[PDB]
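Have a look at my_file_7.tsv; it's TSV, N, CA and C atoms:
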```tsv
chain	number	residue	atom	x	y	z
A	1	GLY	N	18.73	-6.41	29.66
A	1	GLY	CA	18.72	-6.12	31.08
A	1	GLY	C	17.61	-6.84	31.82
A	2	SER	N	17.95	-7.45	32.95
A	2	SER	CA	16.97	-8.18	33.75
A	2	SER	C	16.36	-7.28	34.82
A	3	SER	N	15.07	-7.48	35.09
A	3	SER	CA	14.36	-6.69	36.08
A	3	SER	C	13.29	-7.51	36.77
A	4	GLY	N	13.48	-7.77	38.06
A	4	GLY	CA	12.51	-8.55	38.82
A	4	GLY	C	11.29	-7.74	39.20
A	5	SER	N	10.39	-7.54	38.25
A	5	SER	CA	9.18	-6.77	38.49
A	5	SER	C	9.47	-5.55	39.35
A	6	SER	N	10.56	-4.85	39.04
A	6	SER	CA	10.95	-3.66	39.78
A	6	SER	C	10.66	-2.40	38.99
A	7	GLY	N	9.41	-1.96	39.03
A	7	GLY	CA	9.02	-0.76	38.30
A	7	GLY	C	9.29	-0.87	36.81
A	8	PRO	N	8.45	-1.64	36.11
A	8	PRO	CA	8.58	-1.84	34.66
A	8	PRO	C	8.25	-0.59	33.87
A	9	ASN	N	9.27	0.02	33.27
A	9	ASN	CA	9.08	1.23	32.48
A	9	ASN	C	9.98	1.22	31.25
A	10	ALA	N	9.46	1.75	30.14
A	10	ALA	CA	10.22	1.80	28.90
A	10	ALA	C	9.47	2.59	27.83
A	11	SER	N	10.17	2.96	26.77
A	11	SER	CA	9.57	3.72	25.68
A	11	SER	C	8.90	2.79	24.67
A	12	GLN	N	9.67	1.85	24.13
A	12	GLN	CA	9.16	0.90	23.16
A	12	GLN	C	8.00	0.10	23.74
A	13	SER	N	8.18	-0.39	24.96
A	13	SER	CA	7.15	-1.18	25.63
A	13	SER	C	5.78	-0.54	25.45
A	14	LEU	N	5.70	0.76	25.72
A	14	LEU	CA	4.45	1.49	25.59
A	14	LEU	C	3.99	1.54	24.14
A	15	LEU	N	4.73	2.28	23.32
A	15	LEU	CA	4.41	2.41	21.90
A	15	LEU	C	3.89	1.09	21.34
A	16	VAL	N	4.36	-0.02	21.90
A	16	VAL	CA	3.95	-1.34	21.46
A	16	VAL	C	2.61	-1.73	22.07
A	17	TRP	N	2.50	-1.57	23.39
A	17	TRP	CA	1.27	-1.90	24.10
A	17	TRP	C	0.06	-1.30	23.40
A	18	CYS	N	0.17	-0.04	22.99
A	18	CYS	CA	-0.92	0.64	22.31
A	18	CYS	C	-1.11	0.10	20.90
A	19	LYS	N	0.00	-0.08	20.18
A	19	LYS	CA	-0.05	-0.59	18.82
A	19	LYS	C	-0.55	-2.03	18.80
A	20	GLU	N	-0.42	-2.72	19.93
A	20	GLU	CA	-0.87	-4.10	20.04
A	20	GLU	C	-2.39	-4.18	20.14
A	21	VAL	N	-2.94	-3.58	21.20
A	21	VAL	CA	-4.38	-3.58	21.41
A	21	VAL	C	-5.11	-2.94	20.23
A	22	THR	N	-4.38	-2.17	19.43
A	22	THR	CA	-4.95	-1.50	18.27
A	22	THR	C	-4.41	-2.09	16.98
A	23	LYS	N	-3.87	-3.31	17.06
A	23	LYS	CA	-3.32	-3.98	15.89
A	23	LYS	C	-4.40	-4.23	14.85
A	24	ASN	N	-5.60	-4.58	15.31
A	24	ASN	CA	-6.72	-4.84	14.41
A	24	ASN	C	-7.68	-3.66	14.37
A	25	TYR	N	-7.12	-2.46	14.24
A	25	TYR	CA	-7.92	-1.24	14.19
A	25	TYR	C	-7.72	-0.50	12.87
A	26	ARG	N	-8.54	0.51	12.63
A	26	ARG	CA	-8.44	1.30	11.41
A	26	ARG	C	-8.04	2.74	11.72
A	27	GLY	N	-7.00	3.21	11.04
A	27	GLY	CA	-6.53	4.57	11.25
A	27	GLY	C	-5.81	4.73	12.58
A	28	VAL	N	-5.17	3.66	13.04
A	28	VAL	CA	-4.44	3.68	14.30
A	28	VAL	C	-2.94	3.49	14.07
A	29	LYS	N	-2.23	4.60	13.90
A	29	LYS	CA	-0.79	4.55	13.68
A	29	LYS	C	-0.04	5.34	14.75
A	30	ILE	N	0.26	4.68	15.86
A	30	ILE	CA	0.97	5.31	16.96
A	30	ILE	C	2.38	5.71	16.55
A	31	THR	N	2.48	6.76	15.73
A	31	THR	CA	3.77	7.24	15.26
A	31	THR	C	4.46	8.10	16.32
A	32	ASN	N	3.67	8.91	17.02
A	32	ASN	CA	4.20	9.78	18.06
A	32	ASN	C	3.31	9.76	19.30
A	33	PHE	N	3.83	10.27	20.41
A	33	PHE	CA	3.08	10.31	21.66
A	33	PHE	C	2.53	11.71	21.92
A	34	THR	N	2.69	12.59	20.94
A	34	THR	CA	2.21	13.96	21.06
A	34	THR	C	0.98	14.19	20.19
A	35	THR	N	1.14	14.01	18.88
A	35	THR	CA	0.04	14.20	17.94
A	35	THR	C	-0.86	12.98	17.90
A	36	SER	N	-0.26	11.81	17.65
A	36	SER	CA	-1.02	10.57	17.58
A	36	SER	C	-2.14	10.55	18.62
A	37	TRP	N	-1.90	11.20	19.75
A	37	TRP	CA	-2.88	11.26	20.82
A	37	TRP	C	-3.52	12.64	20.90
A	38	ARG	N	-2.83	13.64	20.36
A	38	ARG	CA	-3.32	15.01	20.37
A	38	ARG	C	-4.83	15.04	20.16
A	39	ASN	N	-5.30	14.33	19.14
A	39	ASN	CA	-6.72	14.28	18.83
A	39	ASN	C	-7.47	13.42	19.85
A	40	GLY	N	-6.97	12.20	20.07
A	40	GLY	CA	-7.61	11.31	21.02
A	40	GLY	C	-8.11	10.03	20.37
A	41	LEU	N	-7.38	9.56	19.36
A	41	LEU	CA	-7.75	8.34	18.65
A	41	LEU	C	-7.30	7.10	19.42
A	42	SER	N	-5.99	6.97	19.60
A	42	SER	CA	-5.42	5.83	20.31
A	42	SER	C	-6.08	5.67	21.68
A	43	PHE	N	-6.43	6.80	22.29
A	43	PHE	CA	-7.07	6.78	23.61
A	43	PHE	C	-8.40	6.05	23.56
A	44	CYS	N	-9.18	6.31	22.52
A	44	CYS	CA	-10.48	5.67	22.35
A	44	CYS	C	-10.33	4.26	21.82
A	45	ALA	N	-9.33	4.05	20.97
A	45	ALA	CA	-9.08	2.74	20.38
A	45	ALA	C	-8.76	1.71	21.46
A	46	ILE	N	-7.87	2.08	22.38
A	46	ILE	CA	-7.49	1.18	23.46
A	46	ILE	C	-8.69	0.77	24.29
A	47	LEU	N	-9.37	1.76	24.87
A	47	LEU	CA	-10.55	1.50	25.69
A	47	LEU	C	-11.58	0.69	24.92
A	48	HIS	N	-11.59	0.84	23.60
A	48	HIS	CA	-12.52	0.12	22.75
A	48	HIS	C	-12.12	-1.35	22.63
A	49	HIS	N	-10.83	-1.61	22.73
A	49	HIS	CA	-10.31	-2.98	22.63
A	49	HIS	C	-10.92	-3.87	23.71
A	50	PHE	N	-10.82	-3.42	24.96
A	50	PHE	CA	-11.36	-4.17	26.08
A	50	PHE	C	-12.88	-4.06	26.14
A	51	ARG	N	-13.38	-2.83	26.12
A	51	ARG	CA	-14.82	-2.59	26.17
A	51	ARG	C	-15.25	-1.67	25.03
A	52	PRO	N	-15.57	-2.27	23.87
A	52	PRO	CA	-16.01	-1.53	22.69
A	52	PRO	C	-17.39	-0.91	22.86
A	53	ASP	N	-18.03	-1.22	23.99
A	53	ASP	CA	-19.36	-0.70	24.28
A	53	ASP	C	-19.29	0.45	25.28
A	54	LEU	N	-18.10	1.01	25.44
A	54	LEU	CA	-17.89	2.12	26.37
A	54	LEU	C	-17.77	3.44	25.62
A	55	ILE	N	-17.15	3.40	24.45
A	55	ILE	CA	-16.97	4.59	23.63
A	55	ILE	C	-17.67	4.45	22.29
A	56	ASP	N	-17.56	5.48	21.46
A	56	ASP	CA	-18.17	5.47	20.13
A	56	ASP	C	-17.12	5.41	19.04
A	57	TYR	N	-15.95	4.88	19.38
A	57	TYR	CA	-14.85	4.77	18.42
A	57	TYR	C	-15.32	4.14	17.12
A	58	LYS	N	-16.44	3.42	17.18
A	58	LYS	CA	-17.01	2.77	16.01
A	58	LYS	C	-17.35	3.79	14.93
A	59	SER	N	-17.75	4.99	15.36
A	59	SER	CA	-18.11	6.05	14.43
A	59	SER	C	-17.37	7.34	14.77
A	60	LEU	N	-16.15	7.20	15.25
A	60	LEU	CA	-15.33	8.36	15.62
A	60	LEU	C	-14.47	8.81	14.45
A	61	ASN	N	-13.61	9.79	14.69
A	61	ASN	CA	-12.73	10.31	13.66
A	61	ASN	C	-11.73	11.32	14.24
A	62	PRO	N	-10.63	11.54	13.52
A	62	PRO	CA	-9.58	12.48	13.94
A	62	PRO	C	-10.04	13.93	13.88
A	63	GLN	N	-11.31	14.13	13.52
A	63	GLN	CA	-11.87	15.47	13.42
A	63	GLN	C	-12.26	16.01	14.79
A	64	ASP	N	-12.19	15.14	15.80
A	64	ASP	CA	-12.53	15.52	17.16
A	64	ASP	C	-11.32	15.40	18.08
A	65	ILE	N	-10.85	16.54	18.58
A	65	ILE	CA	-9.70	16.56	19.48
A	65	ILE	C	-10.14	16.60	20.94
A	66	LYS	N	-11.07	17.50	21.25
A	66	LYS	CA	-11.58	17.64	22.61
A	66	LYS	C	-12.42	16.43	23.00
A	67	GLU	N	-13.45	16.15	22.20
A	67	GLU	CA	-14.33	15.02	22.47
A	67	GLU	C	-13.53	13.73	22.61
A	68	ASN	N	-12.95	13.27	21.50
A	68	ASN	CA	-12.16	12.05	21.51
A	68	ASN	C	-11.42	11.88	22.83
A	69	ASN	N	-10.86	12.98	23.33
A	69	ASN	CA	-10.13	12.95	24.59
A	69	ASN	C	-11.08	12.81	25.77
A	70	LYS	N	-12.07	13.68	25.84
A	70	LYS	CA	-13.05	13.65	26.92
A	70	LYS	C	-13.66	12.26	27.06
A	71	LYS	N	-14.08	11.68	25.94
A	71	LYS	CA	-14.68	10.35	25.94
A	71	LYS	C	-13.80	9.36	26.70
A	72	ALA	N	-12.50	9.40	26.43
A	72	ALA	CA	-11.55	8.51	27.08
A	72	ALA	C	-11.55	8.73	28.59
A	73	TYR	N	-11.08	9.90	29.01
A	73	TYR	CA	-11.01	10.23	30.43
A	73	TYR	C	-12.29	9.81	31.15
A	74	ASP	N	-13.41	9.86	30.43
A	74	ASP	CA	-14.70	9.48	30.99
A	74	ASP	C	-14.75	7.98	31.27
A	75	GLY	N	-14.24	7.19	30.33
A	75	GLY	CA	-14.23	5.75	30.50
A	75	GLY	C	-13.11	5.27	31.40
A	76	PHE	N	-11.88	5.64	31.05
A	76	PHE	CA	-10.71	5.25	31.83
A	76	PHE	C	-10.90	5.59	33.30
A	77	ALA	N	-11.22	6.85	33.57
A	77	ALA	CA	-11.42	7.31	34.94
A	77	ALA	C	-12.65	6.66	35.56
A	78	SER	N	-13.41	5.94	34.74
A	78	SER	CA	-14.61	5.26	35.21
A	78	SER	C	-14.26	4.05	36.07
A	79	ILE	N	-13.18	3.37	35.71
A	79	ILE	CA	-12.73	2.20	36.45
A	79	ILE	C	-11.88	2.60	37.65
A	80	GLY	N	-11.27	3.78	37.57
A	80	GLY	CA	-10.44	4.26	38.65
A	80	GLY	C	-9.10	4.79	38.17
A	81	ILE	N	-9.09	5.29	36.93
A	81	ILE	CA	-7.87	5.83	36.35
A	81	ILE	C	-7.85	7.36	36.43
A	82	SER	N	-7.20	7.88	37.47
A	82	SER	CA	-7.11	9.32	37.66
A	82	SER	C	-6.79	10.03	36.35
A	83	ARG	N	-7.45	11.16	36.12
A	83	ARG	CA	-7.24	11.94	34.90
A	83	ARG	C	-6.09	12.93	35.08
A	84	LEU	N	-5.14	12.90	34.15
A	84	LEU	CA	-3.99	13.79	34.20
A	84	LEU	C	-4.02	14.79	33.05
A	85	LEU	N	-4.40	14.32	31.87
A	85	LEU	CA	-4.48	15.17	30.69
A	85	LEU	C	-5.90	15.67	30.47
A	86	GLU	N	-6.02	16.85	29.87
A	86	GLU	CA	-7.33	17.44	29.60
A	86	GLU	C	-7.62	17.45	28.10
A	87	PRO	N	-8.91	17.27	27.75
A	87	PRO	CA	-9.35	17.26	26.35
A	87	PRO	C	-9.25	18.64	25.70
A	88	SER	N	-9.67	19.66	26.43
A	88	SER	CA	-9.64	21.03	25.92
A	88	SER	C	-8.21	21.46	25.61
A	89	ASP	N	-7.33	21.31	26.60
A	89	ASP	CA	-5.93	21.68	26.43
A	89	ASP	C	-5.43	21.34	25.03
A	90	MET	N	-5.58	20.07	24.65
A	90	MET	CA	-5.15	19.61	23.34
A	90	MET	C	-5.53	20.62	22.26
A	91	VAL	N	-6.74	21.17	22.38
A	91	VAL	CA	-7.22	22.15	21.41
A	91	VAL	C	-6.64	23.53	21.68
A	92	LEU	N	-6.57	23.90	22.96
A	92	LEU	CA	-6.03	25.20	23.35
A	92	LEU	C	-4.65	25.41	22.76
A	93	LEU	N	-3.94	24.31	22.51
A	93	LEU	CA	-2.59	24.38	21.95
A	93	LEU	C	-2.48	23.49	20.71
A	94	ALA	N	-1.27	23.39	20.17
A	94	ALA	CA	-1.03	22.57	18.99
A	94	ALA	C	-0.51	21.19	19.37
A	95	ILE	N	0.70	21.16	19.93
A	95	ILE	CA	1.32	19.91	20.34
A	95	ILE	C	1.33	19.77	21.86
A	96	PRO	N	0.82	18.64	22.36
A	96	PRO	CA	0.76	18.36	23.80
A	96	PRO	C	2.14	18.12	24.40
A	97	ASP	N	2.17	17.83	25.70
A	97	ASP	CA	3.42	17.58	26.39
A	97	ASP	C	3.75	16.09	26.40
A	98	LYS	N	4.74	15.70	25.60
A	98	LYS	CA	5.16	14.31	25.52
A	98	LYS	C	5.34	13.71	26.91
A	99	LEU	N	5.98	14.46	27.79
A	99	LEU	CA	6.22	14.01	29.16
A	99	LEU	C	4.91	13.72	29.88
A	100	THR	N	3.98	14.67	29.80
A	100	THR	CA	2.68	14.52	30.44
A	100	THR	C	1.91	13.33	29.86
A	101	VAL	N	1.60	13.41	28.57
A	101	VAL	CA	0.88	12.34	27.89
A	101	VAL	C	1.40	10.97	28.31
A	102	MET	N	2.67	10.71	28.01
A	102	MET	CA	3.29	9.44	28.35
A	102	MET	C	2.94	9.03	29.78
A	103	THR	N	3.06	9.97	30.71
A	103	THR	CA	2.76	9.71	32.11
A	103	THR	C	1.37	9.10	32.27
A	104	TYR	N	0.37	9.78	31.71
A	104	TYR	CA	-1.01	9.31	31.79
A	104	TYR	C	-1.15	7.93	31.16
A	105	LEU	N	-0.57	7.76	29.98
A	105	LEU	CA	-0.63	6.49	29.27
A	105	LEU	C	-0.17	5.34	30.17
A	106	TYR	N	1.04	5.45	30.69
A	106	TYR	CA	1.60	4.42	31.57
A	106	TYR	C	0.54	3.92	32.54
A	107	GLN	N	-0.23	4.84	33.11
A	107	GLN	CA	-1.28	4.49	34.06
A	107	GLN	C	-2.22	3.45	33.47
A	108	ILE	N	-2.86	3.80	32.36
A	108	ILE	CA	-3.79	2.89	31.70
A	108	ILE	C	-3.16	1.52	31.47
A	109	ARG	N	-2.02	1.52	30.79
A	109	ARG	CA	-1.31	0.27	30.50
A	109	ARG	C	-1.04	-0.51	31.79
A	110	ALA	N	-0.80	0.22	32.87
A	110	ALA	CA	-0.53	-0.41	34.16
A	110	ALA	C	-1.79	-1.07	34.73
A	111	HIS	N	-2.90	-0.34	34.68
A	111	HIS	CA	-4.17	-0.86	35.19
A	111	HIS	C	-4.45	-2.25	34.63
A	112	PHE	N	-4.58	-2.34	33.31
A	112	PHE	CA	-4.85	-3.62	32.66
A	112	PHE	C	-3.73	-4.62	32.92
A	113	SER	N	-2.49	-4.15	32.80
A	113	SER	CA	-1.33	-5.00	33.02
A	113	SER	C	-0.54	-4.54	34.25
A	114	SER	N	-0.83	-5.15	35.39
A	114	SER	CA	-0.16	-4.81	36.64
A	114	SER	C	1.34	-4.61	36.41
A	115	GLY	N	1.96	-3.79	37.25
A	115	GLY	CA	3.38	-3.53	37.13
A	115	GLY	C	3.87	-2.51	38.14
A	116	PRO	N	3.79	-1.22	37.78
A	116	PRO	CA	4.23	-0.13	38.65
A	116	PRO	C	3.32	0.05	39.86
A	117	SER	N	3.93	0.27	41.02
A	117	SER	CA	3.17	0.45	42.26
A	117	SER	C	3.57	1.75	42.95
A	118	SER	N	2.96	2.85	42.54
A	118	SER	CA	3.25	4.15	43.12
A	118	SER	C	2.51	4.34	44.44
A	119	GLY	N	3.20	4.94	45.41
A	119	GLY	CA	2.59	5.17	46.71
A	119	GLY	C	2.76	3.99	47.65
```

Show the structure stored in the file as structure tokens.
Amino acid sequence: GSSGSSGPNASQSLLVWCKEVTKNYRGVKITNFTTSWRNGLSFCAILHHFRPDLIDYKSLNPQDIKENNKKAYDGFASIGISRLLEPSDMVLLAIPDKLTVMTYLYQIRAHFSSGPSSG
């Protein structure tokens, strides 16, 4: 299907965008958009790709669900990426909202790679 830069959106496109910037990472397996991020690994991995001096992904781990998340929102929202997901929530529950998470993700991917123009 052809699309003249008319709101670029897709499932694979994303799962790939993240797996790409994290291609040369350790412990980064974007298998799902609920758990894979539940902790906040991919979130820190991505931000680390562009600016590895923004987070501590260098010495991070899946043992941190709230932090890993907070750290991200702190950096991403630092450039101007409105925060949609919360770090605590992830802990308050077991599995996050695929719909929500994905939504927030698209934003980040959009920032670095222009595309969607909401508003």

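Taking atom C of residue A:81 as the reference point, atom CA of residue A:104 is found at 8.5 Å.
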
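When atom C of residue A:84 is paired with atom N of residue A:44, their separation reads 14.5 Å.
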
Counting all atoms listed in the file, select every polymer residue within 8 Å of (-12.1, 10.4, 25.1) as defined in the file's coordinates, and provide the selection as a list in words.
-> residues 39, 40, 41, 43, 44, 55, 65, 66, 67, 68, 69, 70, 71, 72, 73, 74, 75, 76 and 87 of chain A

For each of A:57, A:37, A:106, A:112, take the minimum atom-to-atom distance to residue A:90, counting all atoms listed in the file, then give the residue where this is smallest.
-> A:37

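Note that the spacing between atom CA of residue A:102 and atom CA of residue A:80 amounts to 17.9 Å.
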
Under the rule of at most 12 Å, produce a per-residue listing of stretch 28-118 of chain A near stretch 12-22 of chain A: chain, number, name, the closest pair of atoms, and the distance in Å, as JSON lines, using only C-alpha atoms.
```
{"residue": "A:28", "atom": "CA", "partner": "A:22", "partner_atom": "CA", "distance": 6.5}
{"residue": "A:29", "atom": "CA", "partner": "A:19", "partner_atom": "CA", "distance": 7.3}
{"residue": "A:30", "atom": "CA", "partner": "A:19", "partner_atom": "CA", "distance": 6.3}
{"residue": "A:31", "atom": "CA", "partner": "A:15", "partner_atom": "CA", "distance": 8.2}
{"residue": "A:32", "atom": "CA", "partner": "A:15", "partner_atom": "CA", "distance": 8.3}
{"residue": "A:33", "atom": "CA", "partner": "A:15", "partner_atom": "CA", "distance": 8.0}
{"residue": "A:34", "atom": "CA", "partner": "A:15", "partner_atom": "CA", "distance": 11.8}
{"residue": "A:36", "atom": "CA", "partner": "A:15", "partner_atom": "CA", "distance": 10.7}
{"residue": "A:37", "atom": "CA", "partner": "A:18", "partner_atom": "CA", "distance": 10.9}
{"residue": "A:41", "atom": "CA", "partner": "A:22", "partner_atom": "CA", "distance": 10.2}
{"residue": "A:42", "atom": "CA", "partner": "A:18", "partner_atom": "CA", "distance": 7.2}
{"residue": "A:43", "atom": "CA", "partner": "A:18", "partner_atom": "CA", "distance": 8.8}
{"residue": "A:44", "atom": "CA", "partner": "A:22", "partner_atom": "CA", "distance": 9.9}
{"residue": "A:45", "atom": "CA", "partner": "A:22", "partner_atom": "CA", "distance": 6.3}
{"residue": "A:46", "atom": "CA", "partner": "A:21", "partner_atom": "CA", "distance": 6.0}
{"residue": "A:47", "atom": "CA", "partner": "A:21", "partner_atom": "CA", "distance": 9.1}
{"residue": "A:48", "atom": "CA", "partner": "A:22", "partner_atom": "CA", "distance": 8.9}
{"residue": "A:49", "atom": "CA", "partner": "A:21", "partner_atom": "CA", "distance": 6.1}
{"residue": "A:50", "atom": "CA", "partner": "A:21", "partner_atom": "CA", "distance": 8.4}
{"residue": "A:51", "atom": "CA", "partner": "A:21", "partner_atom": "CA", "distance": 11.5}
{"residue": "A:52", "atom": "CA", "partner": "A:21", "partner_atom": "CA", "distance": 11.9}
{"residue": "A:57", "atom": "CA", "partner": "A:22", "partner_atom": "CA", "distance": 11.7}
{"residue": "A:101", "atom": "CA", "partner": "A:14", "partner_atom": "CA", "distance": 11.7}
{"residue": "A:102", "atom": "CA", "partner": "A:14", "partner_atom": "CA", "distance": 8.5}
{"residue": "A:103", "atom": "CA", "partner": "A:14", "partner_atom": "CA", "distance": 10.6}
{"residue": "A:104", "atom": "CA", "partner": "A:14", "partner_atom": "CA", "distance": 11.4}
{"residue": "A:105", "atom": "CA", "partner": "A:14", "partner_atom": "CA", "distance": 8.0}
{"residue": "A:106", "atom": "CA", "partner": "A:14", "partner_atom": "CA", "distance": 7.2}
{"residue": "A:107", "atom": "CA", "partner": "A:14", "partner_atom": "CA", "distance": 10.7}
{"residue": "A:108", "atom": "CA", "partner": "A:18", "partner_atom": "CA", "distance": 10.1}
{"residue": "A:109", "atom": "CA", "partner": "A:17", "partner_atom": "CA", "distance": 7.2}
{"residue": "A:110", "atom": "CA", "partner": "A:14", "partner_atom": "CA", "distance": 10.1}
{"residue": "A:112", "atom": "CA", "partner": "A:17", "partner_atom": "CA", "distance": 10.7}
{"residue": "A:113", "atom": "CA", "partner": "A:17", "partner_atom": "CA", "distance": 9.8}
```

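Counting all atoms listed in the file, the residue from A:35, A:27, A:59, A:8 that sits nearest to residue A:96 is A:35.
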
Run DSSP on the backbone of this structure and report the residues of chain A it assigns to helix (DSSP H, G or I), as a PyMOL selection string.
-> chain A and resi 11-21+35-38+41-50+57-59+66-79+87-92+98-112
